[PDB]
Each structure stands twice: as C-alpha cells, then as structure tokens.
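Trainee: Sharing a structure with you now.
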Amino acid sequence: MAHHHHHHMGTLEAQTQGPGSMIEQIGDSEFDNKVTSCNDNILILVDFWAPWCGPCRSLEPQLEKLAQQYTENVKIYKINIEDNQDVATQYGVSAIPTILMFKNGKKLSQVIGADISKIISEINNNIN
C-alpha cells in the first residue's frame with residue numbers, strides 16, 4: 001500500500017473560473033483586509049500555486065473536492081504576493097504548494113502537501 005510520490009517539477013495554473021465560484025484571487029493590500037478581518041466565521045483557505053493542477057495534466061486538488069460541498073462555508077483565495085511572504089517561514093513549511101486556513105481572525109489549520117485524509121481531517125474539524 002506504500003504509495004507516496006509528490007511532484008515539485010514546477011507550477012501550472014489554469015483558472016478558467018474564479019471570481020464568483022469559490023476560488024478567488026487576492027492581492028497584498030486586500031489580503032489581510034478580507035482574510036484576517038473576516039469576522040463572518042467562514043473558513044478562508046489561502047493558497048500559493050497549483051502543482052501542475054491543470055485540466056490537461058492533473059486537475060484533482062483537495063480544494064475542489066471539499067469546496068464543491070462546503071462552498072458557502074469556505075472561500076479559497078490565491079495569494080498573489082507569494083513571492084514575498086515569510087508566513088511560510090513562520091510555519092516553517094517546505095512544500096509546493098501550501099494552503100492556510102483562517103476564520104474569525106484566527107488561524108485554524110494549514111494544508112501542507114497533498115494529503116486528502118489530512119485536509120478533510122483539519123477542514124471538517126473547523127466547519128460542518
């Protein structure tokens with residue numbers, strides 16, 4: 001059963017849809033503005049990039065799977081200022097990519113790597 005192979009070959013984006021669906025893109029000056037000041041108790045998931053997660057390679061991220069169900073309870077945001085945020089250094093993460101979970105101005109959990117079993121565990125912990 002020992003299956004375990006990631007791919008840090010690079011990144012590949014193909015956001016055919018975004019503003020209005022569930023995965024929105026945000027910038028630096030509005031990052032904290034809508035993420036940290038979020039008092040709606042909704043679960044915000046900010047992610048860096050998509051590791052070849054395109055419809056012509058492997059469009060199968062955990063985010064879609066759960067967001068499709070929990071869309072009204074979750075909001076995924078592309079952190080445009082990915083080139084310069086030591087938040088990853090704060091978490092001390094070394095993986096591609098990484099997703100952080102915010103709610104009520106609080107930090108709940110963070111998706112490191114690609115472990116569906118783990119992401120469902122942490123996400124379902126903080127939402128219904």
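The chains in the structure tokens are called A, B, ... from first to last as shown; in each chain the residues are counted from 1, and the ligands are counted from 1 in the order shown.
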Looking only at the backbone, which of the residues in range 3-98 of chain A does DSSP tag as strand (DSSP E), as a list in words?
Mentor: residues 23, 24, 25, 26, 43, 44, 45, 46, 47, 74, 75, 76, 77, 78, 79 and 98 of chain A
Trainee: Write down as a ChimeraX atom specification the residues belonging to chain A that are assigned alpha helix (DSSP H) by DSSP computed on the backbone.
Mentor: /A:28-35,62-70,87-91,116-126
Trainee: So, counting only C-alpha atoms, which residue among A:128, A:97, A:6, A:25 is closest to residue 71 in chain A?
Mentor: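 Under the stated criterion, the closest residue is A:128.
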Trainee: Of the residues A:56, A:101, A:67, A:111, which is the one nearest to residue 43 in chain A, using only C-alpha atoms?
Mentor: A:101
Trainee: Leaving out range 103-108 of chain A and any residue of its chain fewer than 2 positions from it, which residues lie within 10 Å of it when counting only C-alpha atoms, given as a VMD selection string?
Mentor: chain A and resid 32 34 to 45 74 100 to 101 110 122 to 123 125 to 127
Trainee: Any idea what the distance is between CA of residue 109 in chain A and CA of residue 68 in chain A?
Mentor: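 For CA of residue 109 in chain A relative to CA of residue 68 in chain A, the distance reads 19.3 Å.
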Trainee: I'd like the neighbourhood of range 89-95 of chain A as a ChimeraX atom specification, where a residue qualifies if any of its atoms comes within 9 Å (using only C-alpha atoms), though same-chain residues fewer than 5 positions away should be ignored.
Mentor: /A:8,110,112-113
Trainee: By how many Å are CA of residue 60 in chain A and CA of residue 83 in chain A apart?
Mentor: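 Distance reported for this atom pair: 24.4 Å.
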Trainee: Between A:114, A:53, A:46, A:76, which has the minimum distance to residue 14 in chain A (counting only C-alpha atoms)?
Mentor: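 The answer is A:53, which sits nearest to residue 14 in chain A.
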Trainee: Could you give me, as a list in words, the residues within 10 Å of residue 115 in chain A, counting only C-alpha atoms and dropping anything in the same chain fewer than 3 positions from it?
Mentor: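 Contacts, in chain order: residues 4, 61, 62, 111, 112, 118, 119, 120 and 121 of chain A.
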Trainee: Figure out the distance between CA of residue 54 in chain A and CA of residue 87 in chain A, please, to one decimal in Å.
Mentor: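 CA of residue 54 in chain A lies 25.9 Å from CA of residue 87 in chain A.
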Trainee: What lies within 12 Å of residue 57 in chain A using only C-alpha atoms, ignoring chain neighbours under 6 positions off, as an MDAnalysis selection string?
Mentor: chainID A and resid 11:14 50:51
Trainee: Write the selection just made, keeping N, CA and C atoms, as a JSON list (two decimals), in the first residue's frame?
Mentor:
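And here's selection-v9.json as it stands now:
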```json
[["chain", "number", "residue", "atom", "x", "y", "z"],
["A", 11, "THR", "N", 5.09, 24.70, -11.33],
["A", 11, "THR", "CA", 3.70, 25.10, -11.14],
["A", 11, "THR", "C", 3.01, 25.29, -12.49],
["A", 12, "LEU", "N", 1.69, 25.20, -12.49],
["A", 12, "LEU", "CA", 0.89, 25.34, -13.71],
["A", 12, "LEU", "C", -0.53, 25.72, -13.34],
["A", 13, "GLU", "N", -0.94, 26.92, -13.73],
["A", 13, "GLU", "CA", -2.26, 27.44, -13.41],
["A", 13, "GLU", "C", -3.16, 27.46, -14.64],
["A", 14, "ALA", "N", -4.46, 27.26, -14.42],
["A", 14, "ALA", "CA", -5.45, 27.28, -15.49],
["A", 14, "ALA", "C", -6.81, 27.67, -14.93],
["A", 50, "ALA", "N", -0.58, 26.12, -7.98],
["A", 50, "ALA", "CA", -1.14, 24.82, -8.30],
["A", 50, "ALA", "C", -0.07, 23.94, -8.97],
["A", 51, "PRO", "N", 0.35, 22.85, -8.30],
["A", 51, "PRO", "CA", 1.41, 21.97, -8.81],
["A", 51, "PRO", "C", 0.94, 21.13, -10.00]]
```
Trainee: Here is a test: counting only C-alpha atoms, which residue of A:7, A:117, A:102, A:16 is nearest to residue 58 in chain A?
Mentor: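 Nearest candidate to residue 58 in chain A out of A:7, A:117, A:102, A:16: A:7.
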